[PDB]
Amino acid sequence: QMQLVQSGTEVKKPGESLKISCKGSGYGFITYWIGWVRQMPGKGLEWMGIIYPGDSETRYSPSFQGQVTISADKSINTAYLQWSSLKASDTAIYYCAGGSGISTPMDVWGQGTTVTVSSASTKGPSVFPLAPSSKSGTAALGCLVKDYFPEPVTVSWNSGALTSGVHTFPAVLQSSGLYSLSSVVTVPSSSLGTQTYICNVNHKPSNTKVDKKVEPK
């Protein structure tokens, strides 16, 4: 068959240029047309354009013509999508997808390239406790992972020991340009006395690992 492999994650400042790639490997690549698809976070799929590497015939969607350049190196079976000056509104995940002809379904997809455009710089999160209320059959507590860039962070409770009732929520982009999320565990454990509840957060982009114990105030 055919496989498409895309380039890695990108984290860029506004105004910077960018070129992401997509490589084919398999039988009969000469028959293949490579198109680009944009998916903004929580949104659907937007077709951007398509190219035939054999002669570099390129067609753009009218929504995207003038905004990007789609190209291809036929000596390495690779198609490219590039901008000259990124905006924060270019933040999305971009898929390449192949079909063995024009007016053909997209039967092969790359794994996607995540592109984050932002004026923020790398910053590790600050972790704050979500202390359980003293009132409380079942109680609830958690950790607030605030002000970190870029994504992602990982959260574990008591070092992977507690997994039932855990809900780590999707991150949220704050108007500051920094991300924030919360992880919450429903411990019906009346306990709250040497029951031990610590959250471990890892922000690999900043080499930030932080443990914090969530105790009743």
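Numbering starts at 1 and follows the sequence shown.
Legend entry - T122-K123 interval: deposited residues absent from the model: Missing in between: none.
Inset, instruction - Can you let me know which of the two, 162 to 170 or 46 to 54, has the higher average C-alpha B-factor in the entry? - result: According to the entry, 162 to 170 carries the higher average C-alpha B-factor.
Inset, instruction - Please work out which of 60 to 68 and 144 to 152 has the higher mean CA B-factor as recorded in the PDB entry. - result: Mean C-alpha B-factor is greater for 144 to 152.
Inset, instruction - By the entry's C-alpha temperature factors, tell me which of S100, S134, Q111, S85 sits highest. - result: Out of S100, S134, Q111, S85, the record gives the largest C-alpha B-factor to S134.
Legend entry - Top Cα B factor in the deposited entry, candidates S17, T9, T208, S21: Most elevated C-alpha B-factor of the set, per the entry: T208.
Inset, instruction - Among all modelled residues of this chain, ranked by Cα B factor, put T138 in the bottom, middle or top third, i.e. lowest, middle or highest. - result: CA B-factor rank for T138: highest third.
Legend entry - Chain thirds of CA B-factor: placement of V185: Top third by C-alpha B-factor.
Legend entry - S118 - Cα temperature factor, lowest/middle/highest third of chain: It falls in the middle third of the chain.
Inset, instruction - For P41, return the chain-relative third of its C-alpha B-factor as stated in the PDB record: lowest, middle or highest. - result: Middle third of the chain for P41's C-alpha B-factor.
Legend entry - Within-chain third of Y179 by Cα B-factor, per the entry: CA B-factor rank for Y179: middle third.
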